[PDB]
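Below: one structure, written as structure tokens.
Protein chains in written order, with the authors' numbering: chain A, 4222 to 4327; chain B, 4594 to 4595, 4603 to 4646.
Okay, here's the thing in structure tokens:
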């Protein structure tokens, strides 16, 4: 879909990214094909709608909330794969289930 | 005959036997997306 949208262009405005196409196709064909329950489908749709907008690649995007008290996993501002993997390697060793959106007592 | 959230009702803790859907009401400061992501549901035996 990125090759379809971009005719070899170097950059795309984030509004022109096929967000609806990616969300619908991923929620109905790839990850939603295995999904049985309507509630599981609703949860997958909620995850895709929350994650695949980013306010059109805006900065200070909130990926999750690590701790309810003053802790957020903000979106990295990198552009390159090396920057993204360096941000990934920076993640702290401790992980709570609130990273996943689940309650901490799970 | 005729925000809000829809929560499943399950026969047990396994969440494998859906009974029926219940339409509750949400508080002012809460969020339906957080309700859906936290896996809020209603059981029958626990």
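Ideal Cβ positions, reconstructed from N, Cα and C, are used throughout, including at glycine.
DSSP on residue i, reduced to helix/strand/coil?
i               : result
residue 4597(B) : Gap note for chain B: numbering proceeds from 4595 to 4603 with nothing in between, so residue 4597(B) has no coordinates.
residue 4233(A) : coil
residue 4312(A) : coil
residue 4637(B) : helix
residue 4625(B) : strand
Are any of the Cβ atoms in chain B nearer than 8 Å to that of residue i?
i               : result
residue 4267(A) : yes
residue 4271(A) : yes
Could you work out which residue in the options is closest to residue i when comparing CA atoms only?
i               : options                   : result
residue 4642(B) : 4629(B), 4608(B), 4614(B) : 4608(B)
residue 4625(B) : 4605(B), 4594(B), 4646(B) : 4605(B)
residue 4646(B) : 4615(B), 4594(B), 4620(B) : 4615(B)
residue 4619(B) : 4260(A), 4295(A), 4296(A) : 4260(A)
Of all Cβ atoms in chain A, is any one closer than 8 Å to the Cβ of residue i?
i               : result
residue 4630(B) : no
Leaving out the 5 sequence neighbours to the left and right, which residues in its chain are closer than 6 Å to residue i when beta-carbon positions are compared?
i               : result
residue 4240(A) : 4273
Residues in its own chain within less than 8 Å of residue i by CB, not counting five upstream and five downstream?
i               : result
residue 4256(A) : 4262, 4265
residue 4292(A) : 4286
Using C-beta distances below 7 Å, list every residue in its chain close to residue i, excluding the 5 sequence neighbours before and after it, in chain order.
i               : result
residue 4243(A) : 4222, 4273
List in chain order: all unbroken alpha helix (DSSP H) runs of 4+ residues lying wholly within the stretch 4263-4298 of chain A. Taking only runs of at least 4 residues, the alpha helix (DSSP H) segments lying wholly in the stretch 4263-4298 of chain A are 4275-4278.
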